[PDB]
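Summary of the model geometry
Residue strings, one per chain:
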Amino acid sequence: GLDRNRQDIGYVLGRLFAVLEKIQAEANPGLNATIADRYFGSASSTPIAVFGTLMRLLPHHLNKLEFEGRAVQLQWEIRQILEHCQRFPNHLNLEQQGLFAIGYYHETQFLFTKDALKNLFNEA
Amino acid sequence: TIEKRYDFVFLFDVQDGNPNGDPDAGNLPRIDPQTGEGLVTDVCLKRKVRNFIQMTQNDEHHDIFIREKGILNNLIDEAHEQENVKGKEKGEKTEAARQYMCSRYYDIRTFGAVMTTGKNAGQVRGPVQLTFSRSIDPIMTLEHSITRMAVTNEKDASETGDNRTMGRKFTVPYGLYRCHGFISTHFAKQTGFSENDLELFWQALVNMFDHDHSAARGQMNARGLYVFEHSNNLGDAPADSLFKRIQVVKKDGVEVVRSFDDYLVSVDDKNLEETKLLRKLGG
Amino acid sequence: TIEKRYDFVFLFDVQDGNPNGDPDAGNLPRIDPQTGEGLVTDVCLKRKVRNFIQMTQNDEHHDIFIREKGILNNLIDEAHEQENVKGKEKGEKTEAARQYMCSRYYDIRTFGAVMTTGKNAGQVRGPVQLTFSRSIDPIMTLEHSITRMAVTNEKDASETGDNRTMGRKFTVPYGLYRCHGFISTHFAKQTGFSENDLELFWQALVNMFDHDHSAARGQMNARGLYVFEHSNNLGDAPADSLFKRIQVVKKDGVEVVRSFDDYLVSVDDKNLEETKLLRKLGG
Amino acid sequence: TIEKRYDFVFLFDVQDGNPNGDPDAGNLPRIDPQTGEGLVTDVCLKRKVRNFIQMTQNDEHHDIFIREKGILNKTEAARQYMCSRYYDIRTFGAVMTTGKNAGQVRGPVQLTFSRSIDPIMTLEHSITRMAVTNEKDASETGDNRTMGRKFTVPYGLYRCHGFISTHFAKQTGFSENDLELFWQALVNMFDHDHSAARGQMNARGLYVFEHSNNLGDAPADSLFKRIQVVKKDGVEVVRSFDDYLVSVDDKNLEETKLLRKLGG
Amino acid sequence: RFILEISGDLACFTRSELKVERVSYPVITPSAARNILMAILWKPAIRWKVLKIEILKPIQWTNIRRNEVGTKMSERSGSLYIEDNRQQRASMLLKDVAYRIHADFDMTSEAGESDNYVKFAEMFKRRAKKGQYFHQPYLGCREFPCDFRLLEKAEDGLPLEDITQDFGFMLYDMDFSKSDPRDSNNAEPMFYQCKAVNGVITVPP
Amino acid sequence: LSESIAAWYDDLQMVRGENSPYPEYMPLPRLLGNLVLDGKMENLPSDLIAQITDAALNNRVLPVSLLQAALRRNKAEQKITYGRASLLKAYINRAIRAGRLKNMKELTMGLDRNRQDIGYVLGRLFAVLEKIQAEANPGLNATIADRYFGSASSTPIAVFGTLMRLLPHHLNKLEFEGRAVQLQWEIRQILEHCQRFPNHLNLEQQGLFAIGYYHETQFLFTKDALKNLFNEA
Amino acid sequence: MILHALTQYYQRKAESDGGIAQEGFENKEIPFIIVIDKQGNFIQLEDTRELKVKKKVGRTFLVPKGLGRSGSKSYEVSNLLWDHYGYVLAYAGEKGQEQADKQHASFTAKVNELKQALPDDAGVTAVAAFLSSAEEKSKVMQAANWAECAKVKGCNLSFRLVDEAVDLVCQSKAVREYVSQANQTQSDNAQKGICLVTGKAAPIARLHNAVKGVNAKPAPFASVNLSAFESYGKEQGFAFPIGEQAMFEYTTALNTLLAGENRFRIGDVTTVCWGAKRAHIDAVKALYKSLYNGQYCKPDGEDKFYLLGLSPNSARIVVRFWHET
DNA sequence: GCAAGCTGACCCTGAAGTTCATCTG
DNA sequence: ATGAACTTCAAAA
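Residues numbered from 1 in each chain as written, not as in the entry; some residues may be left out. Chains lettered and ligands numbered in written order. Part of a larger assembly, values for the part shown. Heavy atoms only, no water.

Structure determination for this entry, per the PDB record, employed cryo-EM and reached 3.46 Å resolution.

Laid out in structure tokens, this is it:
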């Protein structure tokens, strides 16, 4: 149950946050709390106070990963997800705030599988 | 007792640290999820005033109740061992115990608590009622985390000496919160809130953040206190207008706020000196 | 007694706090589950008016009834000890007691209560009838919770150190509720509602939220009061049109609402100049 | 005396409050058990009309007789006198025991249990009171607080169908003056009878069809199917009258029938 | 044979055995249909009588209790006061019901000089086709409407197709033979029907 | 006539978690007593308890007042246990049995992880969040259910917009990371069916909300079930 | 078919021999039972209560049918052998004197006329001489368990003679014939037909009997009073042309159904059920056995007949269930 | 730290016999 | 002489 052409800003913002949370979870096994365990509390409200730091920290996580192909796939997914982001708004509407979590959990469920991201990238 | 009504607006700023924490968010600051504006509950300010009064007074007729090692049932049983033992009729014994608790314990007349435990004794409303705080400019969240080289219990550490449990301690880059508070007259007459108690409460308000401090809350102080006093129990003007007079807006060019120079404060006190007086204490 | 009919629309705003908490859902604000719009019951406004009148008057012919130390049976037994003892026929003694309670107790003419306990004495309808409140823009729920370092009763939560019970105190980011109220004529003639009582009721309405405050309700005030007066007991125009004149809509660009500038209010009074008068009190 | 047949479809609404609760189920507004649409008994409409008449008259030949204690406190010759000295008798009828047809004064007016269009949502607001009543087991010595219970609806649009003949109007006395008084009531009687439980409730429509002959010239089913009051397109739940779409069908009654829009 | 379509949204055919607690019959009362036919068109020269009734909508009980009165209306007491005459009187209504009646009429004793069968026949026909009526018909009680319509054969389906259930002795019609004009003293002789086929077939006295 | 009792009691079976004091077949008086405020003396004997069993013992459509009073009591008790869950499905499953409602289908006794309705998945999500809060803190004072159930079974965005930020910190407070990972997996598998958060939930969807809430709650109370489902991730 | 099906069910249960009323009797719950000998002489104040968690008003016994009191001068009714506690010993804890003594006078006049209308029985003579002795009625209050029947009101009292200890004074084959003739010859000289549920003759049953079990008081099922409850000026009772031989039957059927195993209330409404026996439903009545087992099956023997879910209020019975399926 | 006390509702309105007071008789 | 108010009946799950 995922729609890449949702044409909603909250949905793609949530999916981007979800790919970032997946990056944080895959960065190191031994971790007590991911980035979503402190950033999701304010990313749903003010996404500019979270996504900038997450994108600036993504290079370090990619450097401390374990496979470059997975990093390329995940950054391509991030690009194709946030391509719909026309402008970072000052405040997120509560409907958009809910769509944020909807897209977040949708993208996390889509990523935490087996062979899906590579299969989707095969047609690109 | 007092015969005038009071409505005070308290503007207090925090430079670094978490003012009020969220119970179901580990330690995230209580920020409006739909506008990004910070919110500080009145219970934090009330507990800070309680701690200040307990630290400054330490005498009779100026109680606050202790911390952690205090039981409400024990305090009620102690208060029910004076003249209102059993020969006072329970229907009137409750009122007698309420009056005695209001007269002997200053915290009840300041910020009353609960009186219905194993032995009921009424309930106190209290004329002093504080409201929640709100920030004008939407504050941002930093999500600053820290670590610790020590281990709590020997179960969450690693398989060697590398003991680490991480940790989280949020902070606010800057936040000027505005709180509102009301003091009536009839409740003060029923409880016993006089003018000396009012002066002590104003002193506690103006010296609130000037004493109680910690590590998670960081640096917190005050900025201003604008009080409107009605010379009677009647209100010749709505409180919304008086709350809208003290207008605190952001800078003309700077989009964020970091000090008092960024928050432009304006006071329009032209049409409010009919039967009301204006006082300034915080600044 | 009064001869004119009155229909008033009262727009009142709340910045932070729970206006009318539902006893069912612990403390959740009464919000429409199908549209997200806030709803405030009229009983809260009536009780606030009662408290204001009790605080301001405190004299004869201006009763309100006391708080929790009041028994309806005792008040009825006290009212049934004047001239209408027994020699008045119970069919006519009920009417006599009703008239005496309407004349001596101003709260009965304002917002009547019940008169059927151990000794029946009729029933009062009252010309002053208030309706429920409704918000135009759908408000949001914050679900703000707090904690407490003290412990109530010595239950299972009394640990060896941390004796915390948490707590819940909801609040509204912003809410402009709109209430409707009606005042007839025949009921005022049967009870005794005169013009001075009408002026006192208008004063209580315009000074409702300006006095009674607390911690859970937070900051609450008023915004406007538009009253339509019919010069007779007949209605030459339906009240729905008058209620649709005062149109309060949201902002043109901002989706949410935070202050009076967000709520755009428009008044179209170009038809109510026949046998009806328009008055403004709140703003 | 009127000599025309009248069929009036009365559209009223309840914004905030109880339109018509149920004494058999506490006080919840009457709804349908199957389709879920709300219901309002016509007896409440009749009582509100009686109350409005009592408020606007208070004189002879225009009383109500069927009144309340808390609000207002040979054979055919006596029957005609009782019909003349009251307004409700000329409107809704009487049950004069000393009558002819088994003691029955019918009357031209005949309303209808107004059924709501869409299934409403009964909101049960269990409130409370800071004062007890009799010395019960729930009135402890500590605090005297009792819990309450109210019922409301976010919005309920009900539609009644009333009929008015002329043969009974010639027998009772329901002339054109009584007809105009009944119209002025229907267009403005909710505003005069308000309370706390009923809350806010007003009238939003009253479409009257007057027939040329003293019996009619069109069936009532077609008249009811003409005035179509439905829900708009992009509206699921309703909150006010601006979400309903009402359309009249005056394209087939222009023969020998007059149409009046006293409500909307 | 005159075919009529008696429809409605609610029905409350109050039984005579339970009047303080109104209970509607599972079908339409023959006396109710006769009173409907009289309210549509009647004259002291034509005696209305029901021949066949066919049900078109199933039973649909809705519990509706009202605050009714128990006191009559007279000329001595000038008021009423419903506070001392309150009665919690229930009335199980029949939501969404429709019936068709195939009936005819005969003559009476005071037929006079204008007792033409064809005249009253065409008069009732044009009244049913053009919605004319003397008094608005009632479906159990006058609190419900009756949007009648003239039909010819079968223009609406019927769910009661197989053998459903019986109804017992139902109120056919009161005995107006032992009474002067303007009834005042008469009994309520109830009668049976047939079984549980498509509807209730009334039996003439 | 016993066929109506059979069709009423075959659906009356619910999930019923472990160590539950509620029997398998809830007593009909005790089953309808969950619609009262406290004692079985002051209820609503007409469109409720005086018609619910009427429609029950005859394979007829249950009244809508049943759904209304069930939502009222869920707003009151702030938690739906074995009493209204075994009675809210009686209205929807019977309405779909005869064809009268909208597009939703019937229900079962277990936890159906499909359906794709906009109200049932919301209740499943709310129950998952409630169990996450319960596992994060064994004791407290009032669950997030006791705080949200007033309007969460109707308004998705109005409460979940300020609720989806709480389960991350709740999982952080968990001393066992595997439990948090399994809870995340199950909430993702559930929300995969939720297309979007609507502005509200219809009257026909709030009952599904409560049913899914009770289903997921009593499913997560099992001794070993969440781990068994997470084994196939 | 409100009372028609009930009458048909009563005609099925009456001819089945299973503890049911007949002719002019009713199964009443008598708490304390007074046992005497042959000529007055109060010798035992027996009580047969202790049943459920609350001390009910004794066991059930087939006493004569209650004529239906409830009125100002209620002593003018004067039942046969069973009544109130003020009709036997003229005692009144909350009723007061005068009003209670006339009740005892009416009761002793009733038993005296029953004795003079039916002598040679060794049963009615005992209760007739017990009320005209003025030395044992005062001794009744000084019994062994008399302090218990005074704290609870509505205590019915019955008489049981010696040499039986199993049959009351209204159970021997003598007064039963008188009671049967009372509802056959005395209660049949009134208004003619036609009946409402049987279609035959039968006199119009004026003042319907009271049903005990639904409400706290014996609440009549269908009874017209006040004034507006009339159709064509029938004036109280004649509004429903119901015969005695059917009204009595349905009232006794509701009394037997409101005190047996089929009596169970779900909530403010007693949803009693029954069957046609051609009862053995074991479906609706099986909602209170022990711990709710699984007795639902499919033996192709599902009996028909509806169930009456009636509810109380003040003193009337409201019908809400009606479904043949 | 799975909450504290706090209810979860007022009063009636019945059937039938006995009094109160104004209609043509 | 008969419509409306008065007074007694059991002590609810």
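1. Section: the overall build of chain A
Going by this rule: Starting at the N terminus, helices and strands are each numbered in turn, a helix being any DSSP run of H or I of at least four residues and a strand any DSSP run of E of at least two. Only the protein chains shown count as cover for residues, and the accessible areas themselves come from Shrake-Rupley with a 1.4 Å probe.
Scanning chain A from terminus to terminus reveals six helices and zero strands. On the principal axes, the C-alpha backbone points of chain A span a range of 35 × 35 × 20 Å. A total accessible area of about 5,400 Å² is found for chain A, and carbon and sulfur atoms account for 52% of it.

2. Examining the pattern of salt bridges
So the rule is basically this: What counts as a salt bridge is simple: a side-chain nitrogen of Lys or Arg found within 4 Å of a carboxyl oxygen of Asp or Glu. Partly exposed residues are those whose accessible area sits between 20% and 50% of the maximum for their type, while under 20% is buried and over 50% is exposed, using a 1.4 Å probe and protein chains only.
Going through the model one piece at a time under the given rule, you end up with 89 salt bridges over all chains. For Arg-6 of chain A, the salt bridge identified is with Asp-3 of chain A, shortest N-O distance 3.1 Å. Relative accessible area serves as the criterion here: at 14%, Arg-6 of chain A is assigned to the buried category. Between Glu-37 of chain B and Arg-134 of chain B there is a salt bridge, with its nearest N and O atoms 3.4 Å apart.

3. Quick look at the packing of helix α5 (residues 94-111) of chain A against helix α10 (residues 177-191) of chain F
Which entries qualify depends on this criterion: Lines fitted to the C-alpha atoms define the axes, with helices restricted to the stretch that makes contact. Angles between their N-to-C directions range from 0 to 180 degrees. Here the word oblique covers every angle except those under 35 degrees (roughly parallel), over 145 (roughly antiparallel) and from 65 to 115 (roughly perpendicular). Here a residue-residue contact requires only that any non-hydrogen atoms of the pair lie within 4.5 Å.
Interhelical geometry of α5 of chain A versus α10 of chain F gives an angle of 110° and a closest axis separation of 8 Å. With respect to each other, α5 of chain A and α10 of chain F are oriented roughly perpendicular. For the pair α5 of chain A and α10 of chain F, contact is made by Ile-102, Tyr-104, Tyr-105, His-106, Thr-108 and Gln-109 of chain A and by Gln-184, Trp-185, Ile-187, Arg-188, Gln-189 and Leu-191 of chain F, respectively.

4. Brief notes about the sheet that holds strand β8 (residues 270-273) of chain G
Working definition: the strands of a sheet are paired by backbone hydrogen bonds and lie parallel or antiparallel to each other. The line we're drawing: In this description, strands pair whenever DSSP reports at least two bridges between them.
Here we have three strands laid out as an open sheet, ordered β8-β9-β10 (chain G), and antiparallel in their pairing. This sheet does not close on itself; its edge strands, each paired only once, are β8 and β10 (318-319) of chain G.

5. Some thoughts on the arrangement of the chains
By contact count, the dominant pairing among the 15 pairs of chains in contact is that of chains D and E. The smallest C-alpha distance separating chain A from chain E is 40 Å, and no contact links them. No interface is formed between chain B and chain G, the nearest pair of C-alpha atoms being 30 Å apart.

6. Some words on the protein's contact with DNA strand H
How we decide: Being near a molecule or strand, for a residue, means having at least one of its heavy atoms within 4 Å of it. We define a polar contact as two N or O atoms separated by no more than 3.5 Å, with the added condition that, inside protein, one atom must be a possible hydrogen donor and the other a possible acceptor, whereas residues neighbouring each other in sequence contribute only through side-chain atom pairs.
With respect to spatial proximity, 63 residues lie near DNA strand H, and among them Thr-116 of chain C, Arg-149 of chain D, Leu-140 and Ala-142 of chain F together with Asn-225 of chain G are the closest. Of what DNA strand H places within 4 Å of the protein, 54% of the atoms are sugar or phosphate. One of the backbone N or O atoms of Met-147 of chain D is found 3.2 Å from a base nitrogen in DNA strand H. Between DNA strand H and the protein, one listed contact pairs a base nitrogen with a backbone N or O atom of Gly-139 of chain F at 3.4 Å. Taken together, the elements giving at least two residues each to the surface near DNA strand H come down to β6 (146-147) of chain D, β5 (87-94) of chain E together with α4 (64-77) and α6 (120-136) of chain F.

7. Let's talk about the protein's contact with DNA strand I
Note the threshold: Each residue is assigned to one of three groups, with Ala, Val, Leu, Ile, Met, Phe, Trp, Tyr, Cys and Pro labelled nonpolar, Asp, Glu, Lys and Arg labelled charged, and all others, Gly among them, labelled polar.
The full set close to DNA strand I counts 28 residues, and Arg-76 and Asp-84 of chain E, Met-41 of chain F together with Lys-54 and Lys-153 of chain G are the nearest of them. Here, DNA strand I places atoms within 4 Å of the protein, and 57% of those atoms are sugar or phosphate. In this structure, a base nitrogen belonging to DNA strand I sits 2.9 Å away from a side-chain N or O atom of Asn-215 of chain G. Looking at the surface near DNA strand I residue by residue, the class counts come to five nonpolar, eleven polar and twelve charged.

8. A short note on the interface of chain D and chain E
In many reports, interface size means the accessible area that the parts give up when they come together. To keep things clear, this is the line we draw: Throughout, the accessible surface (probe 1.4 Å) given up by two parts as they are put together, summed over both, is called the buried area.
Across the contact, 58 residues belong to chain D and 44 residues belong to chain E. Carbon and sulfur atoms make up 55% of the surface buried where chain D meets chain E, a total of about 4,300 Å² over both sides. Counting the contacts that link chain D with chain E gives three salt bridges. Ionic pairing is found between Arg-65 of chain E and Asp-24 of chain D, a salt bridge with its closest N-O pair at 3.6 Å. Counting across the chain D and chain E interface gives 24 residue pairs in polar contact.

9. Quick notes on the environment of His-208 of chain G
All names here are of chain G. Looking at the secondary structure, you find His-208 in the loop between α6 (175-182) and β6 (210-211). For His-208, a relative accessible area of 8% gives the class buried. Along the primary structure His-208 and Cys-149 are separated by 59 residues, whereas in three dimensions their C-alpha atoms are 30 Å apart. A polar contact is formed between the side chain of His-208 and the backbone oxygen of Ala-205, at a distance of 3.3 Å. For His-208, the side chain forms a polar contact with the main-chain oxygen of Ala-222, separated by 2.6 Å.

10. With respect to the nonpolar core
This is how the line gets drawn: For the purposes of this section, nonpolar cores are sets of buried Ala, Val, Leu, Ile, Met, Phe, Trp, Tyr and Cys residues that join through side-chain atoms within 4.5 Å.
Core analysis: the biggest nonpolar cluster contains 169 residues, and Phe-17 of chain A, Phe-182 of chain D together with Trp-8, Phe-126, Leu-129, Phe-160 and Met-164 of chain F have the highest contact counts within it. At ten residues, α6 of chain F tops the list of elements feeding residues into this core. Look past the residues within four positions of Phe-126 of chain F in its chain and what remains in contact with it is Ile-144, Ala-145, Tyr-148, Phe-149, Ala-152, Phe-160, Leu-163, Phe-209 and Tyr-213 of chain F. In this structure, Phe-13 of chain E together with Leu-3, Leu-89 and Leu-157 of chain G belong to the second largest nonpolar core, which totals 150 residues.

11. With respect to the interface of chain A and chain B
Contact with chain A, which involves 16 residues of that partner, is made by 16 residues of chain B. The contact between chain A and chain B buries some 1,200 Å² in all, and 52% of this surface belongs to carbon and sulfur atoms. The tally of links from chain A across to chain B stands at three residue pairs in polar contact. Within the residue set of the side of chain A that touches chain B, elements represented by two or more residues are α2 (36-43) and α3 (48-63) of chain A. Element by element, the count of residues in the side of chain A that touches chain B is highest for α2 of chain A, at five residues. Residues of the side of chain A that touches chain B, tallied by class, amount to six nonpolar, eight polar and two charged.

12. What about the environment of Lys-88 of chain B?
Residues and elements named next belong to chain B. If you trace the backbone, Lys-88 turns up in the loop between α2 (72-79) and α3 (90-104). Between the alpha carbons of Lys-88 and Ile-66 there is a distance of 29 Å; along the sequence they are 22 residues apart. Filtering out sequence-adjacent residues up to four positions away, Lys-88 remains in contact with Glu-83 and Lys-93.

13. Description of the sheet that holds strand β5 (residues 158-160) of chain G
Residues and elements named next belong to chain G. Read across the open sheet, the three strands follow the order β3-β2-β5; overall the sheet is mixed. Both edges of this open sheet fall to β3 (42-47) and β5, since each of them pairs with a single strand only. When the angles between neighbouring strand axes are averaged without regard to direction, this sheet yields 30°. Note that strand β2 (residues 32-36) and β3 share five bridges and pair antiparallel. Along β3, the bridge assignment pairs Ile-34 with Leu-45.

14. Some points on the pairing of strand β2 (residues 37-40) of chain D
Residues and elements named next belong to chain D. Here β2 shows two buried faces, one formed by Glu-37 and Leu-39 and the other by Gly-38 and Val-40. Relative to strand β3 (residues 114-119), β2 runs antiparallel, the two sharing three bridges. When the sheet's bridge partners are listed, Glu-37 is paired in β3 with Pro-119.

15. Overview of helix α1 (residues 30-40) of chain E
Three or four residues apart is the spacing at which side chains of an α-helix point the same way, because the helix has 3.6 residues per turn. Residue and element names in this part refer to chain E. Summarising burial for α1: nine of the eleven residues are buried, a large majority. Along α1, the positions that sit buried rather than exposed are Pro-30, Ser-31, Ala-32, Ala-33, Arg-34, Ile-36, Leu-37, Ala-39 and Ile-40. Tucked into the core, α1 has its buried residues touching β1 (2-8), β3 (46-55), β6 (97-107), α2 (117-129) and β8 (170-171).

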